Amino acid sequence: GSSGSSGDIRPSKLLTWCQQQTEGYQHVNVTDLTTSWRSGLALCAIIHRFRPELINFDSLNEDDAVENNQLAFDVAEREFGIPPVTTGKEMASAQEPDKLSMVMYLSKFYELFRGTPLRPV
């Protein structure tokens, strides 16, 4: 949103969490909170992580971005009831989405998952 923000980032902390959850996966390099979730795999990874019976990354093919997105969205709207801000198609179509609209969305997954405090593994 800012014209030229530099120095301190808002989602700075948010990113970490995500990058951590996705950490380990294959062909999944999360560096930002915009394009890193343009294919869907990013999110799907976080979900499947806890409940693999819901999402099967194995089937999620990069090319099948649109589907890879719709899946997570629906699943989240069926289990968590969280409505998707963008459409799978648009998610993949749009080259550079609004980091804002993204953060506001991802956040839901951050708080929804981040519950009671527990010593670091």
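Residues numbered from 1 in each chain as written, not as in the entry; some residues may be left out. Heavy atoms only, no water.

In the PDB archive, solution NMR is given as the structure determination method for this entry.

The helix and strand inventory of the protein stands at 5 helices and 0 strands. Its C-alpha atoms give the protein a radius of gyration of 14 Å, within 12% of the compact-globule value 14 Å for 121 residues. Expressed as lengths along the three principal axes of its C-alpha atoms, the size of the protein is roughly 40 × 40 × 30 Å. Expressed as a percentage of the 121 residues in the protein, the buried residues total 37%. Nonlocal contacts in the protein, meaning residues at least 24 apart in sequence, comprise 51% of its contacts between residues at least 6 apart. Counting only carbon and sulfur atoms, one obtains 45% of the accessible surface of the protein, whose full area is about 8,200 Å². Taking the 11 positively charged and 16 negatively charged side chains of the protein as two groups, their mean positions are separated by 9 Å. (Helix = DSSP H or I, 4+ residues; strand = E, 2+ residues; numbered from the N terminus. Rg over C-alpha atoms; globule rule 2.2 N^0.38 Å. Buried < 20%, exposed > 50% of the residue type's maximum accessible area, 1.4 Å probe, protein only. Contact = heavy atoms within 4.5 Å. Areas by Shrake-Rupley, 256 points an atom, 1.4 Å probe, with all protein chains shown as cover. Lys, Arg positive; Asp, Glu negative; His and termini not counted. Charge placed at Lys NZ, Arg CZ, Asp CG, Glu CD.)

A few words now on a negative patch on the surface. Together, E62, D63, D64 and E67 line one region of the surface with negative charge. Mapped onto the elements, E67 comes out in helix α3 (residues 65-80). A residue is classified by how much of its surface remains accessible, and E67, at 58% relative accessible area, is exposed. (Patch = residues over 30% accessible without salt bridge, like charges linked within 9 Å, V, L, I, M, F, W, Y side chains within 5 Å. Salt bridge = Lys/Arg side-chain N within 4 Å of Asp/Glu carboxyl O.)

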